[PDB]
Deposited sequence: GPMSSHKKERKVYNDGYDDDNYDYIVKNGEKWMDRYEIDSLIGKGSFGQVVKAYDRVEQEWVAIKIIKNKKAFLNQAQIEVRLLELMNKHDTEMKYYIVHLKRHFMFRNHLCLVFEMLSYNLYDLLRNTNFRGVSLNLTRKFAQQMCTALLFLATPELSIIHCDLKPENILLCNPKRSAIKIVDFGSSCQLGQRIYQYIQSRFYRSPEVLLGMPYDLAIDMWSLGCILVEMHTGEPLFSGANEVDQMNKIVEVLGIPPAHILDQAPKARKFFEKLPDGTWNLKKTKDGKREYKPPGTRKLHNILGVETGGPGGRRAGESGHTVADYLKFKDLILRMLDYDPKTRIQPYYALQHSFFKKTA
């Protein structure tokens, strides 16, 4: 049985061959990543005399079209950030090769989940968490510029990459599930652990869903573990409620899916539907998850510099603003960047 004239496997992936030359230009060196979309290779661009990463999309219409959306959004972001100051991966060019769409990027290092694994899932320092937060809020500010108005829709540690393994510089990747405000099509979006309450509830959404994901990512970067690790949507909402309490009635009153998770009482207040058993609503305090007064996560930052009670209070406050249940009042990128968590003291 033959796929794409022998170039592909049965899963429509290009069969990567070390050393192959493409288009009298690229020498494929090695495979450096693989996922649902296809594969990522390190290649030498002989024309520009530099290493590049080529994302080789599966030869399958659904994957091709997902990557064509990504190409258009990255090209739009390109028109608007030529100095590469806003922390989005740079798409150099694209081409079709042997029935695979191929996206050529600058070569980056490993992702923030790999970085968490490298900490043995104990987390990075509050200082490094702050550097990641500042860069991500800058990226979100750029995506919110009106000519872009891009909702990434799948922010998670795996979609944030280090530029260099020694260093704090990061880029956001993977715009295949993205969309623009006023061209919102998807009802089902975001990876579960990072999914906002408005999406869980079946409500209208906007760029604020990415800020929710960022709040979740930053707590996980410092603790080593996902903040809200739901096994399914009901479990996800229940985990959110353990930390943040029952969502506001004004929100639940307008939520198409309120009754998937909650019940409306005679007095018009809302409670959780019973299990078929969680910490009571709001009793799993972020204050304690972060260890604000008790030496940080697991008490492991006791006796370390750069981890004071005062700095933990600033981090907690910023995260709580990113995790506001109301997407209208949730902190926005411009104001997050001005928050006291980013103000130096001492």
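Engineer: Note down, first to last, the deposited-sequence stretches for which the model contains no C-alpha atom.
Structural biologist: Those stretches are 1-10, 287-290, listed in order.
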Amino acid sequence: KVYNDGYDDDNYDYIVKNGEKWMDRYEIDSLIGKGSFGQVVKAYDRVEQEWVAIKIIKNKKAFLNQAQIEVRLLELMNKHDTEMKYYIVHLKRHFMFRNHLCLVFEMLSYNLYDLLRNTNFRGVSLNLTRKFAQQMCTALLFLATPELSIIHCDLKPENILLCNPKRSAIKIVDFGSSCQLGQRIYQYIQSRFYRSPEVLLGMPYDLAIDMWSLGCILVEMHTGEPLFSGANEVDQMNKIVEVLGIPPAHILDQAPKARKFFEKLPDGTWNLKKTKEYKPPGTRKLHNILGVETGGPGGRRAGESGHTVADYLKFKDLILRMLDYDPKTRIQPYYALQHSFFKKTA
From here on, numbers count along this sequence of modelled residues.
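Basically, rigid core = biggest C-alpha set you can superpose within 1.5 Å across the two forms.
Engineer: After a core fit, does 263-271 or 69-77 show the bigger CA gap to the shown form in 9 other deposited structures of this protein?
Structural biologist: Evaluated in 9 other deposited structures of this protein, the stretch farther from the shown form is 263-271.
Engineer: Overlaying the structures in 9 other deposited structures of this protein on the rigid core, point out which of 284-292 and 46-54 has the bigger RMS C-alpha shift.
Structural biologist: Between the two stretches, 46-54 moves farther in 9 other deposited structures of this protein.
Engineer: Where the other entries model residues on both sides, is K276 skipped in at least a third?
Structural biologist: Affirmative; at least a third of those entries omit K276.
Engineer: Comparing 163-171 with 122-130, which stretch shows the greater average C-alpha B-factor in the deposited entry?
Structural biologist: Between 122-130 and 163-171, it is 163-171 that shows the higher mean C-alpha B-factor.
Engineer: Going by the mean C-alpha B-factor recorded in the entry, which is higher: 257-265 or 132-140?
Structural biologist: Higher mean C-alpha B-factor in the PDB entry: 257-265.
Engineer: Based on what the PDB entry reports, which of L64, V309, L318, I54 has the top C-alpha B-factor?
Structural biologist: Checking the PDB record, the top C-alpha B-factor among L64, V309, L318, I54 is at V309.
Engineer: Identify, among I32, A302, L286, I28, the residue whose C-alpha carries the highest B-factor in the deposited PDB entry.
Structural biologist: Reading the PDB entry, the winner on C-alpha B-factor is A302.
Engineer: Please say which third, lowest, middle or highest, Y186 falls into when its CA temperature factor is compared across its chain.
Structural biologist: Highest third.
Engineer: Sort the modelled residues of this chain by their C-alpha B factor and say whether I240 lands in the lowest, middle or highest third.
Structural biologist: According to the entry, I240 has a C-alpha B-factor in the chain's lowest third.
Engineer: Looking at the C-alpha B-factor of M322, is it in the lowest, middle or highest third of its chain?
Structural biologist: As the PDB entry reports it, the C-alpha B-factor of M322 lands in the lowest third of its chain.
Engineer: Report the third (lowest, middle or highest) to which the CA temperature factor of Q49 belongs, ranking only the modelled residues of the same chain.
Structural biologist: Ranked within chain, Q49 CA B lands in the middle tercile.
Engineer: Divide the modelled residues of the chain into thirds by Cα B-factor and specify which third, lowest, middle or highest, holds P226.
Structural biologist: For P226, the deposited C-alpha B-factor lands in the middle third.
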